[PDB]
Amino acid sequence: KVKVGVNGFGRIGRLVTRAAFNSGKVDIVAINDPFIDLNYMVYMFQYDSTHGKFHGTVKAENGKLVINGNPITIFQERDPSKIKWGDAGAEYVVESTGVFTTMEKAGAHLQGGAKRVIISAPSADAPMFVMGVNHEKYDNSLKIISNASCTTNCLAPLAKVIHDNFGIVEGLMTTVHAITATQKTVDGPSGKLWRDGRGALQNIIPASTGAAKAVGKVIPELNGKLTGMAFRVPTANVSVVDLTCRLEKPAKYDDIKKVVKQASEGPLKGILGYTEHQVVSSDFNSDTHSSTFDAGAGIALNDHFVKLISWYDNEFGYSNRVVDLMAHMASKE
């Protein structure tokens, strides 16, 4: 029902658009990207190495990007404050360029007529939300919000179930993550982050990530009780969270499995999945869950110290959550 504008037609921008058209929860009416012109957008949206060809029609007609017969107004503005979102009917704007993540920068979309902005990435100051964890805390006074990161969306739902049932005293996370657009094909310049400049296809690359610490923001009781790091590995998509945590209350591995499965079939259905199958990363290709607990992969040392594994299609799950968040925001109008 709510009309949406998308700033940045990258992996997230394009997949959020796909999710929107596939679920029908929101209607994309405008897209802005100064580097990708209309004809090129058709091509980028139609063919996707990771998620396959688009199911439907996508064409350029009279200057509009038409997807399944729905005309989308296209903008090519480098400065957010200059995008005429209002004229195009875009009430909500998905900020997915990665360069306007602060309240001040993301707020520029409001100058163009947009009513609310959803940053598809962590924000230093904008309120962060995670579907299934604290999205109910959202309220109409918030005009600029964040949907956190893919990794936080994977860890948070799992951590909530674990903390709620056994209490997390402290935890350390490692995410074995697929390569992303910020990486390089061969050893190249990355002045601010040297390891990230090394060839992505040749290396296992350690990288910092505030995704675990961020959980404390969506689950206040866990603030200061979690942190971790990441390892970028040579796969194009799908990542996995490895959470090592200490529990305050005794928890046999089978008890953990029971509560997680119960959560996946109830309140967290569609967000937190559960499996006992002998899965591998590709099995989650295009899987829309934010997190899928892998029962057989985890291992416990004792009743108070365990390692829990959860899979996440870092592109598809997150993109669907952005749409879900906007759908929820719309119901609160």
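The first residue of the shown sequence is 1; numbering continues from there.
Taking only CA atoms, the mean B-factor in the PDB entry is higher for 20-28 than for the other of 20-28 and 6-14. When the mean C-alpha temperature factors of 297-305 and 42-50 are read from the deposited coordinates, 297-305 comes out higher.
Annotation for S208, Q76, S146, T152: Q76 ranks highest, by Cα B-factor. The maximum CA B-factor among the listed residues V241, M131, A106, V260, taken from the PDB record, is found at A106. Residue-level temperature factors show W194 in the lowest third of its chain, judged at the C-alpha atom. Among the modelled residues of its chain, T235 has a C-alpha B-factor that falls in the lowest third according to the deposited record.
Annotation for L226: CA B-factor lies in the middle third of the chain's modelled residues. Annotation for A156: CA B-factor lies in the middle third of the chain's modelled residues. Placement of the Cα temperature factor of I162 within the chain: middle third of the modelled residues, per the deposited record.
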